[PDB]
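Data block below; observations after.
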Amino acid sequence: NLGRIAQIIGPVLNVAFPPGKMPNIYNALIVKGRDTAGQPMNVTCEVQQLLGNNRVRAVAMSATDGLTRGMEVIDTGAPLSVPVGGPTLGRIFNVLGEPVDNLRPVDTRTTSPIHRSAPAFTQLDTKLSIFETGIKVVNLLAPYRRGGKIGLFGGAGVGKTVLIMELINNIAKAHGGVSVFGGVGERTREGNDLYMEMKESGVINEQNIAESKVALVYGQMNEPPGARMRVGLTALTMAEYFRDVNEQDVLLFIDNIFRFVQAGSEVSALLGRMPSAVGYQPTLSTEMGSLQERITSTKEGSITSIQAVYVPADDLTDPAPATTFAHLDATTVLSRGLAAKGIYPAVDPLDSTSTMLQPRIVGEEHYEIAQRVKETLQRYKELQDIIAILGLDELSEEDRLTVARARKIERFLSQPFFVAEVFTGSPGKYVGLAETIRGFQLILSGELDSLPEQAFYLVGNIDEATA
Amino acid sequence: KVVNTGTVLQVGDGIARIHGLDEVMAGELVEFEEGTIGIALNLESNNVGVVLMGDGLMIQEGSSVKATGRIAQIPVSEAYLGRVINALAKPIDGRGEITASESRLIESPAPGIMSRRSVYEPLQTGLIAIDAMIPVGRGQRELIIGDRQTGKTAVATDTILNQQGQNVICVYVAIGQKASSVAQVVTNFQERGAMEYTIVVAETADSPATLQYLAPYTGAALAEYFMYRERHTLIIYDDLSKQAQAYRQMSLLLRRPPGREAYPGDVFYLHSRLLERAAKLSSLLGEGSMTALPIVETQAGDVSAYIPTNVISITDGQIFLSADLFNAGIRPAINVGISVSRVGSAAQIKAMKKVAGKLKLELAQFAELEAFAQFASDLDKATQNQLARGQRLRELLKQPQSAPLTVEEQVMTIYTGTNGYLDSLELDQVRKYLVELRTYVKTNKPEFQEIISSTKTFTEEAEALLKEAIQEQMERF
Ligand SMILES: CC(C)C[C@@H]1NC(=O)[C@H](C)N(C)C(=O)CNC(=O)/C(=C/c2ccccc2)N(C)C1=O
């Protein structure tokens, strides 16, 4: 259709159509004039309100600078459509689905609306498979349910990305299916990196023989707010294809999904609504919820999403990350103080769960130990504030044992990464279930009470902790 | 002409509500009768919300306004390199106009993911504590954090100084700094010939708020002219905190909905843009780069604060500086314990890696027992070795302002202590050791110093040849 821009107030457009034409809500519009001498059309928005008075409001996906009032807008006639299918692998995508890897256009078979009604109640499943990662803290104290969604939580700089990389290494380069990584509000480096790194391992196209098993869509930090509020949805629309069209088992790596909320935060008050808890929108729960229940496994296939979530000012009470949790079959909450100790990956063995920590789904040896481990990790944690001032001289011979063993646990709970070979300075190591399970069972048994602490710090297997 | 001119409805607090001007573009410059420049942002239904760039005391309700038609352009070239520049790129030093041939935009899109390459190019700053444990490489964004009076600006003053000619172009952006204080700096940069390659894009406190925003943006655009020309830049934005504040002030004056600490809803697109437009372009663009070192002041060592929270999550590392670890001898105060560098040692040579990497493992072990020293009633030597080799390296890490060390001078020095030479010595003495030893090697042994750099690494010879040097030199104390 044809309306005219009526107000441009930052990345928000108030378009005015004729009393007949009414771009339906969420229907993407597209605007005609913009940057310095030359006519692009990158200015694509998404209707979000019918203010009324023949006038929809809308958030742009591109920068409005240079736009003018009266500029013809146009109602494409449906929601913003990204091109999906096999012809998206090995390429870097825009929030609009435009190729951003300078490799020619994209020769896709069909587009697809980033706006799709999640699976029904009878398209779901209950199968609970494990997902061996290769870190002495996950597979042991909070496993990965295939199809399920992983919540990798933490504050500013705690190893979340390094955590999403090791996973592509330990699981994606070897995963027998398609994978997709979304760039929701993060640094460009991390993009450039994860690209030129996925290239060397040939996870991308060394030659256009197209044997890639990855599709990239990157909307980084710099993009206006109406970009990181939806690149999480492009990445996912491209993932919601391999899941049901090619009955494939796809992974969804979202490096920070928070930058997705933060990004919505910013169009909230802007669109004229009333702010909510901690400055967030009233529609916070409706926004990251409708886009975590499409990112699921169904009978038609599966989506094993390993998503990261930013935790502002170190606070989990915060509405933005707090909200996520519900939408998680597991959680890996990282610590800044447990990271201030050098133990990496900085993962709090106490605050980190996984629905599949059930002996009905993994075993007793995996079930007890994990807890036995944690138990001592509760003890020492409730002993600290005590000994810190009350010393050890009066501590029982049965409680000073909790101390040594614990310090052997919280350290044996360290493990350099194959990607973090530049922060640790030592070779990465792949430590699966059994290797980890028993390694710890040899600790809880005081079979190693002689050995020092730093004997298990940044070590591969238990043996490597005794060498 | 309600098309390219207009009337002024109101001027309240450096913002004006213009009426008419239908053709304006969002982001376009408008010109007032009394000749006051301002940008357009609120293309509201029947009125335009314009943010003035000056004393609005001049604008009068009835005066008209012309639409410059230009989307805030700034002049750029080589004509600068030594001119304390304003905010709309016009001299504020009194040396004439600037020969601008081209003219790039203040706000322009930043280099994408194809147009980029990892950081391998080092960036020497003259700070033994920075270029050995906090490796800043070219193109990389490195944050400088610290409360009031935390030697942060100083980390910067020395760094731009420490840039060998033809090596790196530098831009000094001051936002909300004091005139005087800016001057005390713009001088201490000339007296060392460093102002022949640095611009001083600065806007004092008195300067209208609608400028401290662009202070960096300009300061960044002026630098992007050298990047796309295969040249390398270093940008220091003295406080992004004082720029964030100036942001808040405009949104509220435009009547835009606020949030945490009255900070608007686009406070994160103030740094996630200045700091992104900085990078290492691919060799298919010029290998040109831009390293930005943004400063963000804190309050009570409160890192988790919004602005400092946000920025840290935009930069590739921090150089925390502490208010408790000043007088304690640590001058400059680098909390290398929390100060990180996401690029990695990748921004260092081999000659540094060999020492630095090792110095890393050291000043990382002491951190775990440090608090013991004062309460060490009877520790083991296996620990003593650490609480001994501990406060040693620190005094090497201490540095007098205005004196940036070369890379040679950087590696040779670490070598002394790191290798057990300064070991059995007294901390309240080591400072003069290096000072003395350095000049001693620069004078009598500048033959080895040039061997160091060129070879870029310490050969089995120069080592032994350093060994004979330091051992006998400590023996001259
Ligand atoms: C300073 C000018 C030259 C660039 C601005 N552009 C932007 O900062 C953002 C990134 N862009 C491109 C927009 O389109 C949204 N604009 C603004 O928010 C702004 C906001 C603004 C706020 C307060 C005072 C002035 C402007 N614009 C000015 C755009 O024209």
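Every residue, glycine among them, receives a Cβ derived from its backbone with ideal geometry; neighbour counts consider all protein chains shown. Every number here is computed from the coordinates shown, using simple stated rules; none is lab data.
Note down the Stokes-Einstein diffusion coefficient of the stretch A:357-467 in µm²/s, whole number, using a Kirkwood radius over alpha carbon pairs, 37 °C, and 0.692 mPa s. Intermediate values should be presented prior to the final figure.
Numbers: Rh = 15.1 Å.
The calculation lands on 218 µm²/s.
Give the Cα extents of the stretch B:173-231 along the principal axes, in whole Å, largest first.
The Cα atoms of the stretch B:173-231 stretch 36, 30, 8 Å along their principal axes.
When each pair of different Cα atoms in chain A is counted once in the 1/r mean, what is the Kirkwood radius in angstroms, to one decimal? Please report the intermediate quantities before stating the final value.
Working: mean 1/r = 0.0418 Å⁻¹.
For chain A, inverting the mean 1/r across all distinct Cα pairs yields 23.9 Å.
Can you classify the stretch A:227-370 as rounded, prolate or oblate using the Cα gyration tensor, where a ≥ b ≥ c are the square roots of its eigenvalues, rounded means a/c under 1.5, and otherwise it's prolate if a/b beats b/c and oblate if not? Intermediate values should be presented prior to the final figure.
Numbers: a/c = 2.15, a/b = 1.17, b/c = 1.84.
Taking the square roots of the gyration eigenvalues as a ≥ b ≥ c, the stretch A:227-370 is oblate.
Among the DSSP beta bridges whose two residues both lie in chain B, what percent are antiparallel, rounded to the nearest 5? Mind showing how you got there, number by number?
Working: 29 of 51 bridges.
Given both bridge residues lie in chain B, the antiparallel proportion sits at roughly 55 percent.
Give the shape of the stretch B:71-348 as rounded, prolate or oblate, defined through the alpha-carbon gyration tensor: a ≥ b ≥ c are the square roots of its eigenvalues, a/c under 1.5 means rounded, and otherwise the shape is prolate if a/b is larger than b/c and oblate if not. Each step should come with its number before you reach the end.
Numbers: a/c = 1.22, a/b = 1.04, b/c = 1.17.
Cα axes put the stretch B:71-348 in the rounded bin.
Nearest 10 degrees is fine. How inclined is helix A:189-200 to the longest principal axis of chain A, computing both from alpha carbons?
That helix lies at roughly 80 degrees to the long axis.
Straight-line reach from A:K32: which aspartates and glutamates have a Cα under 14 Å away, not including same-chain ones fewer than 8 places off?
Straight-line reach from A:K32, under 14 Å: A:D65, A:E72, A:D75.
State the volume of the convex hull built on the alpha-carbon positions of the stretch A:80-356, expressed per residue in Å³ and rounded to an integer. Could the numbers behind the result be given before it?
Numbers: hull volume 35.1 nm³, N = 277.
Convex hull of Cα atoms, per residue: 127 Å³.
Out of all DSSP beta bridges with both ends in the protein assembly as shown, state the antiparallel percent to the nearest 5. Walk me through the numbers on the way to the answer.
Working: 61 of 107 bridges.
The antiparallel proportion sits near 55 percent.
Working only with C-alpha atoms, what are the Rg and Dmax values of the stretch A:1-79, expressed in angstrom?
Just the Cα atoms of the stretch A:1-79 yield Rg and Dmax of 11.1, 34 Å.
If you line up the Cα atoms of the stretch B:322-373 on their principal axes, what length do they span on each, largest first, in Å?
33, 21, 18
Just need log10 I(q)/I(0) for the stretch A:60-136 at q = 0.13, 0.14, 0.16, 0.24 Å⁻¹, Debye formula, equal scatterers on the alpha-carbon atoms, no solvent, rounded to two decimals.
-0.72, -0.79, -0.92, -1.13
With axes computed from alpha carbons, what is the tilt in degrees of helix A:262-271 against the longest principal axis of chain A, rounded to the nearest 10 within 0 to 90?
For helix A:262-271, the angle is close to 40 degrees.
Report, in listed order, any pair from B:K66/B:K90; A:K149/B:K280; A:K160/B:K358; A:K160/B:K280; A:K199/B:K152 with a Cα-Cα distance greater than 28 Å.
Numbers: B:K66/B:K90 21 Å; A:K149/B:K280 35 Å; A:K160/B:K358 26 Å; A:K160/B:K280 24 Å; A:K199/B:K152 39 Å.
As for pairs spanning more than 28 Å Cα to Cα, those are A:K149/B:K280; A:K199/B:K152.
Treat the stretch A:166-263 as a sphere of radius equal to its Kirkwood radius over Cα pairs and apply Stokes-Einstein at 37 °C in a medium of 0.692 mPa s; give the translational diffusion coefficient in µm²/s, rounded to a whole number.
Values: Rh = 13.8 Å.
In µm²/s, the coefficient is 238.
Normalise the Cα radius of gyration of the stretch A:209-303 by 2.2 N^0.38 Å (N = residues in it) and let me know the number.
Values: Rg = 15.3 Å, N = 95, 2.2 N^0.38 = 12.4 Å.
The stretch A:209-303 yields a ratio of 1.23.
Apply the a/c threshold of 1.5 to the C-alpha gyration tensor of the stretch B:349-477 and tell me whether it is rounded, prolate or oblate. Numbers along the way, then the final one.
On the way: a/c = 1.95, a/b = 1.71, b/c = 1.14.
Judged from the Cα gyration tensor, the stretch B:349-477 comes out prolate (a/c at least 1.5, a/b above b/c).
Among A:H115, A:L103, A:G159, which residue has its Cα positioned farthest towards the positive end of the charge dipole of the stretch A:59-203, with +1 placed on the Cβ of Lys and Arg, -1 on the Cβ of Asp and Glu, and the dipole taken about the Cα centre?
In the stretch A:59-203, that residue is A:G159.
Where Rh is the Kirkwood radius over the Cα pairs of the stretch B:335-409, the temperature 25 °C and the viscosity 0.890 mPa s, what D in µm²/s does Stokes-Einstein return?
Values: Rh = 14.3 Å.
D = 172 µm²/s.
If you add up the charges near A:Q48, with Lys and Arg at +1 and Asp and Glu at -1, over every other residue whose beta carbon is less than 11 angstrom from its beta carbon, what do you get?
Overall, the nearby charge balance is +1.
Give the percent of DSSP beta bridges with both residues in the stretch B:71-348 that are antiparallel, rounded to the nearest 5. If you can, show how the numbers build up before the last one.
Details: 6 of 27 bridges.
That works out to approximately 20 percent antiparallel.
Tell me the net charge near B:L127. Cut-off is 11 Å between Cβ atoms, B:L127 excluded, with +1 for each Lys or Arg and -1 for each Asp or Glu. Intermediate results must be reported in sequence, preceding the final value.
On the way: positive: B:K398; negative: B:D131, B:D158.
Around B:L127, the charge tally is -1.
According to a simple spin-label model (label point 7 Å from Cα along Cα-to-Cβ), what is the distance in nm between A:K381 and B:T439?
Distance between the two pseudo-spin positions: 5.7 nm.
If one puts a single equal scatterer on every Cα of chain B and applies the Debye formula without solvent, what log₁₀ I(q)/I(0) results at q = 0.08, 0.12, 0.13 Å⁻¹?
These q points yield log10 I(q)/I(0) values of -0.53, -1.05, -1.19.
Give the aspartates and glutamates whose C-alpha is closer than 20 Å to that of B:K456, dropping any in the same chain fewer than 8 places away, or say none.
Answer for B:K456, where 20 Å is the Cα cut-off: B:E121, B:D131, B:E408, B:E409, B:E447, listed by chain and number.
Rounded to the nearest 0.05, what FRET efficiency is calculated for B:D324 and A:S445 with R0 set to 45 Å and r the Cβ-Cβ distance?
Step by step, r from the Cβ atoms, then E = 0.55.
Evaluate E = 1/(1 + (r/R0)^6) for B:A100 and B:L285, where r is the Cβ-Cβ distance and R0 equals 25 Å; express this FRET efficiency to the nearest 0.05.
Values: r = 23 Å, r/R0 = 0.93.
Efficiency for this residue pair is about 0.60.
For every other residue with a beta carbon closer than 14 angstrom to the beta carbon of A:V267, add +1 if it is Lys or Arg and -1 if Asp or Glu, then tell me the sum. Don't skip to the answer; put the middle values down first.
Numbers: positive: A:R57, A:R228, A:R230, A:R259, A:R273, B:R256; negative: A:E46, A:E223, A:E266, A:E287, B:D266.
Around A:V267, the charge tally is +1.
Report the rotationally averaged projected area of the stretch A:1-140 based on its alpha-carbon convex hull, in square nanometres.
Details: hull surface 54.9 nm².
Projected area, direction-averaged: 13.7 nm².
For a label point 7 angstrom out from the Cα of B:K66 toward its Cβ, which stretches of the stretch B:73-114 have the backbone nitrogen within less than 19 Å?
Residues B:73-75 qualify, since their backbone N sits under 19 Å from the label point.
Please give the contour-minus-distance gain from B:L57 to B:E107: 0.36 nm per residue of separation, less the Cα-Cα distance, rounded to one decimal in nm. Can you show the working numbers first?
Details: separation 50, 0.36 × 50 = 18.00 nm, distance 2.72 nm.
Roughly 15.3 nm would be gained on extension.
Take peptides A:398-404, B:329-335, B:122-128 and line them up by average Cβ neighbours within 10 Å, highest first, as a rough protection proxy. Please report the intermediate quantities before stating the final value.
Values: A:398-404: 15.3, B:329-335: 21.1, B:122-128: 23.6.
Peptide ranking by packing, descending: B:122-128, B:329-335, A:398-404.
Which length gain, in nm to one decimal place, applies between B:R431 and B:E368 when the Cα-Cα distance is subtracted from 0.36 nm times their residue separation?
Details: separation 63, 0.36 × 63 = 22.68 nm, distance 2.45 nm.
So the chain would gain 20.2 nm between B:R431 and B:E368.
If you wrap a convex hull around the Cα atoms of the protein assembly as shown, how much volume per residue is inside, in Å³?
Details: hull volume 167.1 nm³, N = 944.
Convex hull of Cα atoms, per residue: 177 Å³.
Evaluate 2.2 N^0.38 Å with N set to the residue count of the stretch B:214-330, then give the Cα radius of gyration divided by it.
Relative to the 2.2 N^0.38 Å estimate, the stretch B:214-330 comes out at 1.21.
Could you calculate the FRET efficiency of B:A403 with A:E453 from 1/(1 + (r/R0)^6), where r is the beta carbon distance between them and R0 is 45 Å, rounded to 0.05? Kindly include the intermediate steps, with their values, before the conclusion.
Numbers: r = 41 Å, r/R0 = 0.92.
Working from the Cβ atoms, E equals 0.65.
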